[PDB]
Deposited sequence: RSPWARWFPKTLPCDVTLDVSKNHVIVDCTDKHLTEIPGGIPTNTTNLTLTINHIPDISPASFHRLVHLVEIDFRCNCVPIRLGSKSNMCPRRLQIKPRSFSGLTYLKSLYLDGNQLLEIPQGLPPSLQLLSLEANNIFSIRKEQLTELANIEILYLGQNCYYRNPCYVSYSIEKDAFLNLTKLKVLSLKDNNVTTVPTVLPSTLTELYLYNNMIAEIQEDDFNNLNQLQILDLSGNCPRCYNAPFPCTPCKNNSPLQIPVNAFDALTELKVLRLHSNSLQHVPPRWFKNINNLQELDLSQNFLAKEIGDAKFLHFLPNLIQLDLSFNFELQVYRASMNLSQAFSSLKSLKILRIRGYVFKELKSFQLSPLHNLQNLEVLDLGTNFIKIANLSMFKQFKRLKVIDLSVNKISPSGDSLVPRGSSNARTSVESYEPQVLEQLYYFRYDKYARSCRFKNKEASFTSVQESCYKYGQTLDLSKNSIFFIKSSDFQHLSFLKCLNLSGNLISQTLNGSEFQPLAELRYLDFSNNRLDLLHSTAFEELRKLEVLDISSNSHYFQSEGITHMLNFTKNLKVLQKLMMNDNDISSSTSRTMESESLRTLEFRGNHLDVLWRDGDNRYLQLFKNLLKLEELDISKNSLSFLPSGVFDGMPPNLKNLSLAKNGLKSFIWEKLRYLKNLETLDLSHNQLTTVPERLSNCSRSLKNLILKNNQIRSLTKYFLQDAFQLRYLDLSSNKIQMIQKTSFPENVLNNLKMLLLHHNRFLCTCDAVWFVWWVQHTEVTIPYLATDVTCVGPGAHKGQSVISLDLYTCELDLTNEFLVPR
C-alpha cells in the first residue's frame, strides 16, 4: 500500500492548513542529524539526543525551517543524566543558521553553551538559551537580534548550574531590541534590574536572583508591561527544600513606593518569597488593572489583618497569601482585615500556611459579599476546630479547600515550596465538575454524624479522603447531604457491617471507598458488599486496594451501576477452586459496562466466572494478575465485550481463532505476557477487531495466515514493539508487510528490532533489506 517505506527515525506530520512539515526526532539516541529529513520541513525537533555539533551541513537543504528545537543535546552535568554525561559542550560552527531565511524560533537550551550564538538570521523572533553557561550579556552580542520578540536566558547560573560569579549585563544591553516583548532572566544570580529595558516589554521574569533593591526608575519606561515576576529575591528560606541564602539582617526586597507607577497595563505581579513584612498601599496607586497578585512565602501574617492595599485592587481576580506565618507561632484564630470586602472581582483566594487553631464563621465575614468568589483555599493550616456549617454562607463557591488540616470532633503536591514551578522540561515546550466541593481530605476526622453537615445540603462533592474514619456507617451519618453526587471516602477505615451504609445519599453518582482495607484484613468480620442495592442513581463505584477476600453477601446488586473498580482485592480467595458461592458476585449489577478486576492474584480463572458476569459488560481488565492460562472460548459468554485487557500476565498462547471466541471484541490488550508465537489463523475473520497490542512479548515470527489483510486494514493501531523478531528468510512476508503497511504501529524507529541472526542483531526491521532471500 506504501511504495516507499519510511525509514527516518523521526515522526513526520503534515498539517497543510498551516503548511507545516513537522519532523519530531525527540529522544532517538541520535549522534548526528539523520539523513533524509524532508526538504520541506518547517518544524524540526531534535531535543534529547547526543548530536555533538552543528554546521552549515546540518540544515543545508532545509531552507524552509521556521523552527529548530535543538534542546538538551549537552545538558549541564548536575541537570543531566549521570549515566550518560555529556563529555563536551555543543559545537556551533560559523554559518550554521544564517542561510535559514525563514527561521522564527530557535531553542538551544541545555547545551552547555558559553556565549550567545552569532550569525543568527534577522527573521528570528524567539531565541531560547536556558540551562547553558552564559552569564555575561554584552550589547555587541545582541545586535544580531534586532527583530527578536522572545528571549529566554534563565537557569544559566543557579545552584543546579553554578557559574560562581554574579551575572553581568551591560548597561542598555537590551534597549535597542525595539521589538522585545518577553525577557526571562530567572535563576541567574542577577544582582540588579538591568536598565534601560525596551518599552515594548510585556513580560519580565527576574525571579530567583540576588536582587536586593529595586530602584525607583528601574521600571520607568515599561508602560506596556503586563506580567512582572520578582519572586525569590531576598527569599524566605524556612523549610526550603533547596539551598537558600536570605538577604542579610532578615531584610526584605526593597521596593520604592513609586516603583510600579509606570505600569498601568500590569495584570500579573508575582512577589513570592521576597521576605516582605508590609505591602504599601502606595505600590498600587496607578495599577487599576491588576488581576493576579502572588504574595505567598513572605512575612505578612500581621499585614493580613490590616491590608489597606486591598482597597486599591477592585479588579483583582486571584490573590495568594499562603505561607506567611510567623516562625514558631500557632495563632488562635485567623484575622482577615475588613479590607478584603473591597476585592469585588475576587475569584480565587488562597491562604495556606497561616497556621491557626480554630476557624470561626465570623472570621470569614469580610468575604461574605464577594460575589464572584469561587475558590477559598485554607489548606495546610493545622486547623483543629471548624464548624463546617459556616459554609452555608458560601454556596456560590466552586471549591472550599480545607485539605491537610487537623480538623476533628488543582495544584500539584509540590507547589509553594519548589524552586521554579514554571521551569521547562527537556522534553516539552477530580470531582469539581460535579459542582460545589468541600475538600476535607487529609484531616483527623475519626467519627462523623449527621449534624456535622447541617446546612450543607447544597454540596455536590465531599472529599473525606485520608481521614481516620473507623466507623460502621448505617445510613444516618450524611443525612443533610441531599444533593451530593460524589463522595470520596478513600483512605479511611470504613466498616461495611451494614448494607444500609451511604443509603441516605440518594443523589450519589460516584462513591470512592478505595484503600479502606483495615477491616477486610481481619478474619471472621462481617462485610456487606450488597450495600449498592439502595443507591438508585449510583453510576461509578471504586473499591480498589481493599484486600477483600471474604464477603457475607454473595451478590452485589444495582440497577444503575455502570463502572466498578475492584482492583487490588483477593478474588483469587473468593473464587478458590471448588468454592462456587461468589461466582455471581457481579452478575446482578445489571447495567455494568466496565469492570476492573486487575491485581487480584488470579493466576487462573475458575469455570463459572465468565458465565457469572453481568450481561452488558463491555470493558474488562484482568491485568496484573499473574494469569498463567486462559480458556479463550469462555469469552463467548460475554456477548457485549468490546475491550479485554490482559496486560502484564503470564500467558503463553493466543487462541487458534480469535473470531470463534468473541463476536464483539474490538480492543485486545496482550502486552507484557510470555507469548512466543501466534496461532496459524489467529486473526482469521476477526472483523470486529480494531486494536491489538502484542508488545513486550517474546514473539519470533509472524506469518500471513495469522494476520489477514482484511482484518489488518481495519485496525486503528497494532503494537508489536519489544518482541524477539527473527529476521531470517522465513520472515520475508512480515518484514515486507511492516515496511509497507499504512496501519499505525508505534516505535518502528526505536523498538521493532531484530534479535537475530548474528548479522542483523539490533537492526530495525523497517530498515531491513532481504534481497538475498530473492536471488
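Unmodelled segments of the deposited chain, in sequence order: 1-4, 414-436, 457-467, 814-823.
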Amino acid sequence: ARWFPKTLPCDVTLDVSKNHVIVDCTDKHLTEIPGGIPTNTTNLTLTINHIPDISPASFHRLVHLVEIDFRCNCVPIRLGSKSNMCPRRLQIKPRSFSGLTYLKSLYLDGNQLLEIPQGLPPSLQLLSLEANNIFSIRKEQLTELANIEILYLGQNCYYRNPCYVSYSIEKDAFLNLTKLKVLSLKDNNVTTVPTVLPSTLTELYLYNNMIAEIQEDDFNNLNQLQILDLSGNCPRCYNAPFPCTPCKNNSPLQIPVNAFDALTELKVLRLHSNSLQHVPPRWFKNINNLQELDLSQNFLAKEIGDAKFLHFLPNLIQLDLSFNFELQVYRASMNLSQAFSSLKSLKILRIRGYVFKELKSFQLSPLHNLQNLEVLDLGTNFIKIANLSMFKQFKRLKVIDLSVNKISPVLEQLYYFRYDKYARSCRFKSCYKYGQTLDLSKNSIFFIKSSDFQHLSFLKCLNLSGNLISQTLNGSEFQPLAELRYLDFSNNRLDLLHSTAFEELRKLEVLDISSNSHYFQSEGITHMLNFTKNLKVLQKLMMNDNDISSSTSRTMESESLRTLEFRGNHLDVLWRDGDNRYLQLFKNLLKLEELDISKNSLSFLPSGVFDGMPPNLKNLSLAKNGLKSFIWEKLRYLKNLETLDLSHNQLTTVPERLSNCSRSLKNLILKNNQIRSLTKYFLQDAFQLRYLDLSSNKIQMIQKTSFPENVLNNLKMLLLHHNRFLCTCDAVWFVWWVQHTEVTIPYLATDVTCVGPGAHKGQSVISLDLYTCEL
From here on, numbers count along this sequence of modelled residues.
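Where the other entries of this protein model the residues before and after it, residue 428 is dropped from at least a third of them.
In this entry, 73-81 has the higher mean Cα B-factor, the comparison being between 73-81 and 502-510.
Of the two segments examined, 318-326 and 414-422, it is 414-422 that shows the higher average Cα temperature factor in the deposited entry. Remark: of 408, 555, 275, 647, 408 shows the highest value [criterion: C-alpha B-factor in the PDB entry].
Between the residues 584, 673, 184, 361, the entry's highest C-alpha temperature factor is the one at 361. Ranked by C-alpha B-factor against the other modelled residues of its chain, residue 98 falls in the highest third. Residue 701: CA B factor in the middle third of modelled residues in this chain (values from the PDB entry). In this PDB entry, residue 370 carries a Cα temperature factor that places it within the highest third of its chain's modelled residues. Ranked by Cα temperature factor within the chain, residue 345 sits in the middle third according to the deposited record. The PDB entry assigns residue 428 a C-alpha temperature factor belonging to the highest third of its chain's modelled residues.
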